[PDB]
Number of protein chains: 4
Amino acid sequence: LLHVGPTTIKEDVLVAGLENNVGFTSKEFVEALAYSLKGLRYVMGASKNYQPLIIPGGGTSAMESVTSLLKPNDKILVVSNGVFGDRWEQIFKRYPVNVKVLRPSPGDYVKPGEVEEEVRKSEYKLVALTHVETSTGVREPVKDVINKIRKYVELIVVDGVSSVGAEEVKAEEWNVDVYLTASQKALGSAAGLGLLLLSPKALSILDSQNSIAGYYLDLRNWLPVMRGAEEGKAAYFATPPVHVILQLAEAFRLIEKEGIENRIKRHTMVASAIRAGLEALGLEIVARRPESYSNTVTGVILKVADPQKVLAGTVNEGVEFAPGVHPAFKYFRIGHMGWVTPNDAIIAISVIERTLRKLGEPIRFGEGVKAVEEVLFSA
Amino acid sequence: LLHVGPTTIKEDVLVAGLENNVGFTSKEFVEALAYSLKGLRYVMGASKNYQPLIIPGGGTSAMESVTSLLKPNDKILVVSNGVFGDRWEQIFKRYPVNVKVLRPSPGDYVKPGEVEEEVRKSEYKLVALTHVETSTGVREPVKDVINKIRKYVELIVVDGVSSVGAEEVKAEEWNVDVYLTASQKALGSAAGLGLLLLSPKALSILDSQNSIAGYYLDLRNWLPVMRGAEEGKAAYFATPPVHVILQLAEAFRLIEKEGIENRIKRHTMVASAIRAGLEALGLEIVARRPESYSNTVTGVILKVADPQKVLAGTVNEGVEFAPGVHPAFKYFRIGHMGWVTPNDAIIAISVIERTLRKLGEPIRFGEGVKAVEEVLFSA
Amino acid sequence: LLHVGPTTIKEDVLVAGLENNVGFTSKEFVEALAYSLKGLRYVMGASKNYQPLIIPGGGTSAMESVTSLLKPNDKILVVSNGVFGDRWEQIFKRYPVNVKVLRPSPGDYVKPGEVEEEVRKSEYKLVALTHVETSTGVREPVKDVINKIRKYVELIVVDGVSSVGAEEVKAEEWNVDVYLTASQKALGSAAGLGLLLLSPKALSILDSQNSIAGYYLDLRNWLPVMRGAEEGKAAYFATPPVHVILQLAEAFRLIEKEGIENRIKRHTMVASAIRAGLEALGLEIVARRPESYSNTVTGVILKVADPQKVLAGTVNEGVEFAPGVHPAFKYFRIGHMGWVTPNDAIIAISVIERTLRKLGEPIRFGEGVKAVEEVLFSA
Amino acid sequence: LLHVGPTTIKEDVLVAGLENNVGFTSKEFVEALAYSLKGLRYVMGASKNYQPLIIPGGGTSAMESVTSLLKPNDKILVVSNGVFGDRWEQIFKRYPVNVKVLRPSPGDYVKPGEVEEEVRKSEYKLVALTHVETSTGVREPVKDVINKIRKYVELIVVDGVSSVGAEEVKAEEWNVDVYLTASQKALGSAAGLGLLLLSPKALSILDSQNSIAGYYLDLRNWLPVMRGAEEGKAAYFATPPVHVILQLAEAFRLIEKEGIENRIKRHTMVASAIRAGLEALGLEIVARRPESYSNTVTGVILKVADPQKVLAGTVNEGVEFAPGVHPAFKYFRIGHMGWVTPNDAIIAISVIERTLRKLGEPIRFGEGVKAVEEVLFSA
Ligand SMILES: Cc1ncc(COP(=O)(O)O)c(CNc2cccc(C(=O)O)c2)c1O
Ligand SMILES: Cc1ncc(COP(=O)(O)O)c(CNc2cccc(C(=O)O)c2)c1O
Ligand SMILES: Cc1ncc(COP(=O)(O)O)c(CNc2cccc(C(=O)O)c2)c1O
Ligand SMILES: Cc1ncc(COP(=O)(O)O)c(CNc2cccc(C(=O)O)c2)c1O
Ligand SMILES: [Ca+2]
Ligand SMILES: [Ca+2]
Ligand SMILES: [Ca+2]
Ligand SMILES: [Ca+2]
Ligand SMILES: [Ca+2]
Ligand SMILES: [Ca+2]
Ligand SMILES: [Ca+2]
Ligand SMILES: [Ca+2]
């Protein structure tokens, strides 16, 4: 069997979807969409000059919709740290475009200098980055990368599926052209939506040029719906996931009530506490470089125990554990994103200690939970 | 302003989505997906030889995913009775294919003989039909069309967004290659999913040939998820709308409990009652030919009153009314599909009588409600 | 079998109860209780000098809690128009008190003069009235009764279970000492609570005297909880139905948003429309005197059809029908209270027409629904 | 301020109450009541000869309803270990009965021999016990008490509000005449109901004798409702909390799915783990005698820190902490009952360690969490 840990959704978020006479023209729907659109500007750090869109699907449909900005034979550079970086390449194989991929050593990340070198050597229409690579837990220093490449490339896109709402994101200040995410990860809402924030530059391409996009994923077709909503008007392109968007509006209400800076600090603390627990047990982290330890995903190397058995025996344990699928390592991953609290840190390390002791993975029993406690106490 | 009436969702359906620890690998999700896949075979009248898929989006994403069955320069005949027939052509303009469209007089439908004539004259890879054309309330005699064209064309696709779960559908008996619908219409569940049933012939194309499809809407990419689910296995292509699918499973449970034959009879009675009400008021129906009066949508011609004012004054009135957007007629539309009951028939005609009397549309006040009562009594 | 029609609850009301970490000391609970307490002053027409209480149970526990105001051998006059008036007497048999009951002819009501005559003849500590007698649909002219008896009696209590939130109620202006109701009737919330509004006179009895009350239903024990809540403080006597009270707060929000005067007008219109439908069918109303036709309950006399069969064949019909249990009449009752709309009037009469036609009760088929339409149109 | 920790309710339990067209005559309600009645026999260990009742209110209304079994001047012995034992005496002061109370030293419990001595010296109609005394966390050895007193007393009643569903209960085997609980404690459902299980002997009293009971709390009045439900019949005495009972049925489904023996073991393990944590910190438990350490409540003595500050700083910390209200001790209490898991044990001790360290209560920081881990590993 396959077992990937699901991001826990606050009941308030889910319950916001229980309105049984709401459609895409309902004032309640239009208001939730307009609210979510502003919520997206807020979590991504951008002013009204940046255009938000919320489309059906997820991170993957959002990624593919970037073809809305491309023309035949356009040159694309993908900076891929693993599975989800590689998905850009799989998507672009379906399109008449030219793709080059940079990859680092397993579990590492592509340095800003290496990207800079490549964009000076060849002219690229588009550069794709992955803010956090979910398969390895590695955060790319996207700000540093962009500072170096901004003047050599027409467009920069960042996959923030595992970062937005949890890691610092400054789409406008960093001059990103498309920052995208999904509803079900670090935002902690129900699945079904892709979310995008476009620069004025990307928006001009939409408004004035043709593209290689299909029909459903051409952001041009969704623009009138998004623009209409902010003016309090209903418009129809294709039926969106109405109740999932009601749920998203409620997630954004909770996000705005906590405050994004506070949200980020919470993810830093929880992740730091979890990592301190892992280290005190003598467990090795998958991410090669400490400065890249993402605050949403941590890969945990096992020397003796079978990762698959760790996952099988922790299914009903109130944790978010998932398989490690990189040939270079034997590991499982801990998801720690969304509504995650200090108690989730304690639980994750406790569940880990007890499971690994049972399976004979050499660990310093007791030391993990104590180290977690220490971190949580000290801040 | 734009106001389209929303299909009322049974609360039980919505409430089935309130499970806050479910992801695409959860056995609860896998079971709901497998159940919904079987439910789709059931409402469409097909055996295990036909392959169901449930994908993110809606009717439009389902329609576009038909490109999964096409090759460059393939010849397509679209039989379009209005807006949603025309959407096939709009979708196919994004693809390297050759499209011819047959259209009838406004509010009429393309006769089976006219389609037969065209497919004998020229060779077509694909013929696209719309079972019920939502913009006009016209039901295409799809069975009759197919009987005549089956031996002259490789593939037949039917858009059943406004028919499946309400009109008779026999995908297997009629030998349709793709029968498709959405979650939010005559099935009466929450929005966010497209649904497809493929013949063995269409499935062989998927399994053995390349196509002009993009990435997200290539049915090949969803097949392992659908096949896995029916064997009780989780598989990942892209995150689906997990909770919308939980809701869909519950809608299919209610559909199977009523029985599809009974469901169809209910839609026939409610629609017949509503139409009898309209006629007794002296109101003219948009559909030109009575044999094509769909049992999910009825267009109502106004001679004096402004359709927009009818819609504005019936917003909180517990009905499903929508604008008429065909230049050839001045009208509004009544949606009567999903969980619709005899009481909905009475309400719709009563709300119509009272609104039109207020606005001076010449009608036989009182006679509508009486005629509805008569029909509901006699069945 | 027994079949009593349930008051339909807005989903928003129910959904307000889905908070899974709320207890009697939670700020959310205290706020909902304080809100509901004010909501009770509002629907009953009283200033802050009147003391609201919300206790576990229903109308019956509220009625019994009136013993909190009594002493051994106190004299009580019950003005009983049927079953629920008679319940006062059944309750008081359990207590060392002296009870006299006035009853009118079946389906009539006790005139104000008849009560006045009795309270001048003997001295009574307490007079009990029923605002609307649910078993017959008869509204007592409580204002007129009180105007006549106020100076001759120490305490006046009014059972408003079937009136509060639907009929005009002015507890303060009319000088009532206890006005009581339940959560599940004309207020349209979930069952589980009795609700009481006490005059300063009744409150002084609580604060300064002993009583014959038991433990759970001694309003003295609940007072500190109610007083605490309005000061934003939690207090414990016995655990209340926490989530039912969350639901009640939401019902009061909806009531206050509509406005009580508007609520009353809606009940008048719906009831008048239903009665006009009944009359046009040639059906006789149970209430003997038109000025007493309650706007929450209407008894419908059948000359031929069996009331029990009317009820059996209308169970899934979206109506609120209940048995007639008074030996003097052959009838069923229509409940029309709470969130009831003009559409409910149309439905009730339509369901009645179709059911009675099937069962051979002589009626003027078609005429009922037309008369309802006319009433709803004319206001 | 007063802050008592709320028992966390599984969302599934709450969500079972979202049926908006259900009343006391609905077959859905009757089925939920019948199911809950059987569920009550199951959790209390009794065959069909024992009669369950579910009444509005809570533990307190259930306790008072025991007056249904009493006659004027009946002699009662209350075995009270604290607040909730003392509530028997407070209730009985409202009734013409003779009460004697046995009390132990603070935080201790009345030995079976001490009760035996008293019932042999004087003749008692009724002996009242508290299975777990919530105010001190002390479990009375009710089986041992009953074995000694059974032949000397007519009736034995046990308050199991904090024991039923968590501690071993054998109502039939131990020959208890009334075993009672509430919906919101160790059963973990929504508040609003009292629950009783009566012996054949107590039932004969109901069926054949008069009593000193009031009206609402006379178990005679509820019996036809309970008997009717198990024969699949609706009956009316007073409106029950319909949706709270739907929720209760769902709680009983979850209890029966786990199995009562397993439920008991879970409470033993979680409580043992929590206590091991407390001891390893050097914290003293309020219960004087280890054999009486209840598995639902533990009192924690503080030597230096203010209990009130512990409560104030742990409000949003996902725990169930409550004040200690016995003058003889300075303490707070930990609730660990219902759906409580091993993770709740870890969290409670961690939250305690971190809070007390902050407030300078002398503890062995780190040692609590380790001891909890050890216990959870070894079971
Ligand atoms: C960085 C990143 N980019 C793109 C996607 C694709 O999103 P959708 O699935 O919404 O199309 C993701 C999604 N991440 C994802 C999805 C499913 C499983 C796991 C796992 O942890 O094993 C991770 C992701 O984490
Ligand atoms: C026959 C038909 N085909 C395709 C679609 C597209 O479905 P999605 O929107 O789920 O992609 C539809 C949708 N039907 C539809 C959708 C929105 C509004 C109205 C209206 O009545 O104006 C009708 C439809 O009715
Ligand atoms: C006027 C009146 N007074 C007291 C009560 C008792 O309330 P509780 O049940 O909440 O204790 C009521 C309740 N009314 C009631 C209850 C059950 C059935 C029916 C029916 O219409 O057949 C009516 C009532 O309508
Ligand atoms: C043993 C026991 N007996 C009777 C009751 C009364 O139950 P109701 O409240 O449902 O009538 C209880 C209630 N237990 C209870 C209730 C409220 C607060 C606290 C606290 O921890 O301070 C404890 C109890 O714990
Ligand atoms: Ca909440
Ligand atoms: Ca239901
Ligand atoms: Ca035919
Ligand atoms: Ca015409
Ligand atoms: Ca709402
Ligand atoms: Ca569940
Ligand atoms: Ca023993
Ligand atoms: Ca001590």
# chains A, B, ... in the order shown; residues from 1 in each chain; ligands from 1

$ closest_atom_pairs --of "chain D" --to "ligand 10" --cutoff "10 Å" --atoms "only C-alpha atoms and all ligand atoms" --output "Markdown table"
| residue | atom | partner | partner_atom_place_in_ligand_line | distance |
| --- | --- | --- | --- | --- |
| D:10 | CA | ligand 10 | 1 (Ca) | 8.5 |
| D:11 | CA | ligand 10 | 1 (Ca) | 7.3 |
| D:12 | CA | ligand 10 | 1 (Ca) | 5.2 |
| D:13 | CA | ligand 10 | 1 (Ca) | 8.8 |
| D:15 | CA | ligand 10 | 1 (Ca) | 9.1 |

$ write_last_selection --atoms "N, CA and C atoms" --output "tab-separated table (two decimals), in the first residue's frame"
chain	number	residue	atom	x	y	z
D	10	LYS	N	-15.36	13.69	19.37
D	10	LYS	CA	-15.06	13.31	18.01
D	10	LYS	C	-16.01	14.05	17.10
D	11	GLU	N	-15.49	14.58	15.99
D	11	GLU	CA	-16.29	15.32	15.05
D	11	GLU	C	-17.43	14.48	14.50
D	12	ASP	N	-17.15	13.20	14.20
D	12	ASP	CA	-18.18	12.25	13.76
D	12	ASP	C	-19.39	12.25	14.68
D	13	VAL	N	-19.15	12.35	15.99
D	13	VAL	CA	-20.23	12.39	16.96
D	13	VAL	C	-21.10	13.64	16.74
D	15	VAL	N	-21.25	15.71	14.11
D	15	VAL	CA	-21.79	15.75	12.77
D	15	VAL	C	-23.04	14.88	12.62

$ residues_around --residues "stretch 185-188 of chain C" --least-positions-apart "2" --cutoff "8 Å" --atoms "only C-alpha atoms" --output "PyMOL selection string"
chain C and resi 7-10+161-166+182-183+190+251+296+337-339

$ residues_around --residues "residue C:120" --least-positions-apart "3" --cutoff "10 Å" --atoms "only C-alpha atoms" --output "ChimeraX atom specification"
/C:115-117,123-124,149,151-153

$ write_last_selection --atoms "C-alpha atoms" --output "PDB file, in the first residue's frame"
ATOM      1  CA  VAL C 115     -61.394  34.582  34.103  1.00  0.00           C
ATOM      2  CA  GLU C 116     -62.055  38.022  35.674  1.00  0.00           C
ATOM      3  CA  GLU C 117     -65.182  36.638  37.321  1.00  0.00           C
ATOM      4  CA  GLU C 123     -57.985  34.927  45.717  1.00  0.00           C
ATOM      5  CA  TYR C 124     -55.279  33.236  43.576  1.00  0.00           C
ATOM      6  CA  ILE C 149     -57.185  40.179  36.125  1.00  0.00           C
ATOM      7  CA  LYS C 151     -55.019  43.686  40.107  1.00  0.00           C
ATOM      8  CA  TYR C 152     -56.658  40.565  41.599  1.00  0.00           C
ATOM      9  CA  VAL C 153     -53.776  38.078  41.341  1.00  0.00           C
TER      10      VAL C 153
END

$ interface_residues --of "chain C" --to "chain D" --cutoff "7 Å" --atoms "only C-alpha atoms" --output "PyMOL selection string"
chain C and resi 1-4+6+8-9+11+14-15+18+20-23+25+56-58+60-61+91+94+191-192+214-216+233-234+238-242

$ write_last_selection --atoms "C-alpha atoms" --output "compact mmCIF listing (two decimals), in the first residue's frame"
# COMPACT_ATOMS: atom_id res chain seq x y z
CA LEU C 1 -47.65 4.55 14.38
CA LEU C 2 -47.54 8.14 15.71
CA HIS C 3 -46.41 10.94 13.34
CA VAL C 4 -45.97 14.55 14.55
CA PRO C 6 -41.02 18.40 13.02
CA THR C 8 -37.69 22.54 10.01
CA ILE C 9 -34.40 23.96 11.28
CA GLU C 11 -28.97 24.41 8.48
CA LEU C 14 -27.64 23.28 13.32
CA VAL C 15 -24.17 23.87 11.94
CA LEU C 18 -20.29 21.88 15.43
CA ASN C 20 -15.92 20.20 19.36
CA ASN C 21 -13.88 21.76 22.20
CA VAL C 22 -16.50 23.95 23.86
CA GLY C 23 -17.64 23.48 27.48
CA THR C 25 -16.59 27.66 30.89
CA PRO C 56 -32.37 22.13 30.23
CA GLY C 57 -35.43 20.25 28.94
CA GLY C 58 -38.22 22.05 27.09
CA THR C 60 -42.48 21.14 30.16
CA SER C 61 -39.41 21.64 32.37
CA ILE C 91 -47.69 19.18 36.76
CA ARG C 94 -47.14 16.61 41.99
CA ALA C 191 -34.69 20.78 21.00
CA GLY C 192 -33.32 20.56 24.55
CA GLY C 214 -37.20 20.31 43.60
CA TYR C 215 -33.48 20.70 42.93
CA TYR C 216 -32.87 20.69 39.13
CA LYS C 233 -18.46 34.97 33.70
CA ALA C 234 -18.79 31.19 33.75
CA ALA C 238 -25.39 21.60 36.47
CA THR C 239 -24.03 21.00 32.97
CA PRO C 240 -26.35 22.67 30.41
CA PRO C 241 -26.90 21.41 26.81
CA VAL C 242 -23.84 23.39 25.61

$ residues_around --residues "residue B:231" --least-positions-apart "3" --cutoff "10 Å" --atoms "only C-alpha atoms" --output "NGL selection string"
:B and (30-31 or 34 or 226-228 or 234)

$ select_by_dssp --residues "stretch 89-244 of chain B" --states "helix (DSSP H, G or I)" --output "NGL selection string"
:B and (89-92 or 112-121 or 142-152 or 200-208 or 219-230 or 242-244)

$ write_last_selection --atoms "C-alpha atoms" --output "PDB file, in the first residue's frame"
ATOM      1  CA  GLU B  89     -15.471  24.118 -31.168  1.00  0.00           C
ATOM      2  CA  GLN B  90     -13.924  26.688 -28.795  1.00  0.00           C
ATOM      3  CA  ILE B  91     -11.983  23.906 -27.038  1.00  0.00           C
ATOM      4  CA  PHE B  92     -10.818  22.305 -30.317  1.00  0.00           C
ATOM      5  CA  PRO B 112     -30.355  12.347 -37.095  1.00  0.00           C
ATOM      6  CA  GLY B 113     -30.661  12.321 -40.924  1.00  0.00           C
ATOM      7  CA  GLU B 114     -28.675  15.556 -41.261  1.00  0.00           C
ATOM      8  CA  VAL B 115     -25.801  14.094 -39.182  1.00  0.00           C
ATOM      9  CA  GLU B 116     -25.982  10.803 -41.118  1.00  0.00           C
ATOM     10  CA  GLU B 117     -25.778  12.685 -44.394  1.00  0.00           C
ATOM     11  CA  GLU B 118     -22.614  14.495 -43.284  1.00  0.00           C
ATOM     12  CA  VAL B 119     -20.766  11.438 -41.940  1.00  0.00           C
ATOM     13  CA  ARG B 120     -21.428   9.470 -45.163  1.00  0.00           C
ATOM     14  CA  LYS B 121     -20.153  12.345 -47.297  1.00  0.00           C
ATOM     15  CA  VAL B 142     -28.778  10.917 -29.246  1.00  0.00           C
ATOM     16  CA  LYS B 143     -29.841   7.262 -29.545  1.00  0.00           C
ATOM     17  CA  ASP B 144     -31.422   7.927 -32.950  1.00  0.00           C
ATOM     18  CA  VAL B 145     -28.374   9.925 -34.130  1.00  0.00           C
ATOM     19  CA  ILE B 146     -25.956   7.168 -33.092  1.00  0.00           C
ATOM     20  CA  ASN B 147     -27.993   4.340 -34.658  1.00  0.00           C
ATOM     21  CA  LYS B 148     -27.621   6.145 -37.967  1.00  0.00           C
ATOM     22  CA  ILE B 149     -23.935   7.208 -37.694  1.00  0.00           C
ATOM     23  CA  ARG B 150     -22.265   4.420 -35.680  1.00  0.00           C
ATOM     24  CA  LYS B 151     -20.824   2.501 -38.670  1.00  0.00           C
ATOM     25  CA  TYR B 152     -19.408   5.616 -40.402  1.00  0.00           C
ATOM     26  CA  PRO B 200     -13.198  -0.463 -24.725  1.00  0.00           C
ATOM     27  CA  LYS B 201     -12.380   1.207 -28.053  1.00  0.00           C
ATOM     28  CA  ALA B 202     -11.562   4.569 -26.442  1.00  0.00           C
ATOM     29  CA  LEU B 203      -9.592   2.776 -23.707  1.00  0.00           C
ATOM     30  CA  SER B 204      -7.417   0.970 -26.318  1.00  0.00           C
ATOM     31  CA  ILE B 205      -6.540   4.351 -27.798  1.00  0.00           C
ATOM     32  CA  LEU B 206      -5.360   5.472 -24.325  1.00  0.00           C
ATOM     33  CA  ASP B 207      -3.372   2.291 -23.691  1.00  0.00           C
ATOM     34  CA  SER B 208      -1.670   1.993 -27.083  1.00  0.00           C
ATOM     35  CA  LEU B 219      -6.728  10.764 -19.336  1.00  0.00           C
ATOM     36  CA  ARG B 220      -3.666   8.465 -19.445  1.00  0.00           C
ATOM     37  CA  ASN B 221      -2.325  10.224 -16.360  1.00  0.00           C
ATOM     38  CA  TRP B 222      -5.550   9.627 -14.404  1.00  0.00           C
ATOM     39  CA  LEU B 223      -6.060   5.983 -15.459  1.00  0.00           C
ATOM     40  CA  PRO B 224      -3.656   4.467 -12.906  1.00  0.00           C
ATOM     41  CA  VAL B 225      -5.484   6.399 -10.132  1.00  0.00           C
ATOM     42  CA  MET B 226      -8.895   5.053 -11.274  1.00  0.00           C
ATOM     43  CA  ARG B 227      -7.668   1.470 -11.832  1.00  0.00           C
ATOM     44  CA  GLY B 228      -5.827   1.523  -8.485  1.00  0.00           C
ATOM     45  CA  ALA B 229      -8.948   2.696  -6.604  1.00  0.00           C
ATOM     46  CA  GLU B 230     -11.080  -0.198  -7.838  1.00  0.00           C
ATOM     47  CA  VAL B 242     -10.656  14.733  -2.032  1.00  0.00           C
ATOM     48  CA  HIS B 243     -13.712  16.003  -0.129  1.00  0.00           C
ATOM     49  CA  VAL B 244     -15.734  16.757  -3.282  1.00  0.00           C
TER      50      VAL B 244
END

$ residues_near_ligand --ligand "ligand 8" --cutoff "9 Å" --atoms "only C-alpha atoms and all ligand atoms" --output "ChimeraX atom specification"
/B:284-286,288,301,303,329

$ closest_residue --among "A:326, A:354, A:263, A:309" --to "residue A:340" --atoms "only C-alpha atoms"
A:263

$ select_by_dssp --residues "stretch 104-338 of chain B" --states "strand (DSSP E)" --output "VMD selection string"
chain B and resid 124 to 130 132 to 133 138 to 139 153 to 159 178 to 182 193 to 198 284 to 285 297 to 301 321 to 323 331 to 335

$ closest_residue --among "C:253, C:289, C:265, C:333" --to "residue C:37" --atoms "only C-alpha atoms"
C:253

$ atom_distance --atom1 "atom CA of residue D:167" --atom2 "atom CA of residue D:128"
18.1 Å
